[PDB]
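We've got the same protein chain twice here, in two forms, each standing alone as structure tokens: structure 1 and structure 2.
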Structure 1
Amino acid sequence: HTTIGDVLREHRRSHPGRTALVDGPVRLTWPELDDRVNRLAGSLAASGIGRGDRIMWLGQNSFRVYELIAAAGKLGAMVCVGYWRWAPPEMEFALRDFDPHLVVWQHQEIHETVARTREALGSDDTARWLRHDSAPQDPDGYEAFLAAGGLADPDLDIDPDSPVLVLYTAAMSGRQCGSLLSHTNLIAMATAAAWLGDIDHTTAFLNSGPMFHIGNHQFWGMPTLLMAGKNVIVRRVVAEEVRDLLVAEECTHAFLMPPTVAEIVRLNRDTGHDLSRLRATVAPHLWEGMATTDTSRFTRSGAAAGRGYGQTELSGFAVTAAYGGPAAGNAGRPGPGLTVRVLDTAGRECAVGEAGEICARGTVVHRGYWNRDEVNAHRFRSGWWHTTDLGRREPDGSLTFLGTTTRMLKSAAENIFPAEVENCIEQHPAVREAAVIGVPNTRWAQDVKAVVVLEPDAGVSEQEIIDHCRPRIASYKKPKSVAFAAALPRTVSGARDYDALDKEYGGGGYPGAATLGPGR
């Protein structure tokens, strides 16, 4: 069975002259990339990394993320792409939970957060640390570490069901879980995406989405890699730099949400820079004729506007309106390599039209979460992965995604789980309880809002509650407003009544049948 390592082994032979990666001045053909991967694998193995061992990336997007995944993959090891946006306590939690043998970290932009995180681990910090964006000769730097390795391919027999990429998600408990994506997961996801988006060796994809998110890997980093196209890296999304890279690298695809598109168009207008090679998937109307609207099924089906269903744990958008033709349901049908059933609370399959939990089996279902044996045993019960999302089958057999069962928010293209924010706010000594909801954002999706019950005789303002979150959770997770109450609404059972909180405090816009996709 094919592994990620085999993809690079074949491309170095079949596409010796083609450029595989561009990241600033760095440009690598398939053979140059595979050589670097082999040296890197050499040094990892010399550091004691082998099957089932673990590397953490703490940085923005880099070509080195692809090198590390491939190198680790050739050893049967796995790479966690941590989020550069995480606050120190989140980064510390991920480091302790994942327990990596190696941490590859970035100084630019996040040095302070990285330092505070390392400091906090104290003597529990057993990992080796390499700075990726170091001076070339830095002996604790990635490039020197890589250079010391030998050119030979490790040539190991790696089982492609081995986890190779780990993406933290699913923080419904207040703490994130690391989704284990195997070589086979990624290859099956990439294969389906190649049909969905008509990807081939001429594809040139700008990696302008966060590598912490499954979306950038699915659309279209991994299919581009699989088909031997060019992956162009950008560290962060800055409209001008994106525009220049679209032109300079003749990109055919990019991961760009509607606000960024509008910034690029405004900036490019009447400058004569030709963006016509770009196949616009998201908000194609905003490009004003500067791009070519994508003709692939991804865009024509409505999948690019949110007509589909998935999650990290299914290797991304695994159900779409592109599979199986016209769909009465909002999400369409499963791609090949996944089967789906909507199950009631007793684990019996729901009838047509009846809401239940979306469950799945097949090649794109992940291996489970890192270090969560009981969660895995429970969410895989009866041999089906339980998504925690609600859906139904329509009479035409298509699927409708109705909403979450976890009160998850989406805000500014991030997921926010209420318990992460609630736990943070409740750490405050003045706060007895906090409930977090989402309210409609003026453009798309939600803003975070907290409803707070103060301790008796304590007093703290809305702004103090918000600012309290700054050192503790990612910036995008903070409430944008806070309401105060003497008590939170309760159901008959004494559970928090989140429906009543939404009704009384302006909640709405949650992911589901009324709010699908990236917006406009």
Structure 2
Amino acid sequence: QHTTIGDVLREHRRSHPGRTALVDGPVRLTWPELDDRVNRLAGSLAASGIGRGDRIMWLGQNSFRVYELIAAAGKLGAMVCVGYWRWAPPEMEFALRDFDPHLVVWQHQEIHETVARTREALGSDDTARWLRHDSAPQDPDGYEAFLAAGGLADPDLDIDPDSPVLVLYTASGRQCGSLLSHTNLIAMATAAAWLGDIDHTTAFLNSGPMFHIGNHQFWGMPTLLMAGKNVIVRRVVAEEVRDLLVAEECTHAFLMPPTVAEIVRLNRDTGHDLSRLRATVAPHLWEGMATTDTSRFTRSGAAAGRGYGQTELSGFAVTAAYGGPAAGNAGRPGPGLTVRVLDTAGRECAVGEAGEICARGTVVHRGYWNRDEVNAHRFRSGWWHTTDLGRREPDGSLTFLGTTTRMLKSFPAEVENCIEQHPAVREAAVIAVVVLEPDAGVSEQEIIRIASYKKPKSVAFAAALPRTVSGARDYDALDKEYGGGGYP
């Protein structure tokens, strides 16, 4: 009987009878209050037929209710998919038909237009109960009234913690729902508690999106595991965030640089105490208004990106924080993971040789929802295949080179990377389009470590790279411009 998420809540209610667990605007909950609510919720779920292996889709922004649902589903051996709130109806429809939830918890604010249309496209296939979460607390088709109708008795079920409990859709087109078990999350949060020096006094601002692994690992689940206080913001607004930092005495946040600079300018000279916040990302941009984190997470450079990982490995499973100075850009595996770089023929690559990053261990997810064939192939031979490219340095460390999905017939990323190991190059795209540093300047011929055949026969130069509306690299934009066709 291994520890489940349910056990974690049942222990914190007895061990921390008066400490704040969740805060969400006006709502505040101690661990007892939360466990009672999770028990009510789990009562009404078991009432509506939800049990082992059943499925729930959250369709909204960040909410304290996400944590509650996860716990309740966990206590029944069910799973919650925290879906993408910005999905247009085609994608939203796809996920619904894919994940096939028995119940859909949804948000009116912001997306009701899209939600409404999508249900109409589903028509008579929409055999799921929908509860509005941001409803008036009386609403009969409402979350709060769904929960209140349940009783306080913990269902006390013997749940296999290897059963999935959190499903994250991972984003070459098609989206797939990664199955993260109770064990995946607890193994992740214990690792993370060591990286961050996280404890019961940790107050963490959930300003990162819960539809994605980032916010969960740093630091949602570890804060939760160690009994810290998780504070929820629906949206990131610099003023409100800055305000919560003071009010909840927050020690950690999930903040991106543009937000931070917004808080800095805005807080300057007003004298509010932001010194309790341990800043992880880009410490200098705070100027000193907050305290520079000295946990291994920041010290090592993992906070700035020194690491490798993915949703399917419960997030950031390899960092410069495990094992010390590393020549490679990602560091080494933390505990609960073993990695090997494998070539085409499934054999271990030699030191320096590039291949696919493959993993086994406790942090490796359970597979994708409803992807039998992709799972069989990705789990071949008792290794999870990440589809990412890497190599081992002689010092032991690992280097993340890029993806293996983008391919050229006899890998681009491998050379994209080699090219970006020129001081004059800022970034490169190989199909070899090149964006140079503003100050440097170098010959196409100097550009042209790798093998006789792998080098391209041409190098264009751009002011920057094309990019999608999300801001990620846009390749099919410049497959056109520079002659890109014939792809295997």
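Residues are numbered by position in structure 1's sequence, first residue being 1. Here, rigid core means the biggest group of C-alpha atoms that superpose within 1.5 Å across both forms. Shifts are known only where both forms have a C-alpha.
Participant: Could you point out which of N268, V375, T405, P210 sits at the hinge of the rigid-part rotation between structures 1 and 2?
Facilitator: Looking at the options, the one at the hinge is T405.
Participant: Angle of the smaller rigid part's turn relative to the larger between structures 1 and 2, in °?
Facilitator: The smaller domain rotates by 157 degrees relative to the larger one between structures 1 and 2.
Participant: Provide the displacement, in Å, of the CA of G272 between structures 1 and 2, taking the core as the superposition reference.
Facilitator: Residue shift at the C-alpha: 1.1 Å.
Participant: Once the rigid core is superposed, tell me how far the Cα of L501 moves between structures 1 and 2, in Å to one decimal.
Facilitator: Here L501 registers a C-alpha shift of 4.0 Å.
Participant: What stretches, three or more residues long, have all their C-alphas moved by 2 Å or more between structures 1 and 2 when the rigid core is held in place?
Facilitator: The segments that shift (3 or more residues, C-alpha shift of 2 Å or more) are 406 to 411, 417 to 437, 450 to 466, 472 to 511.
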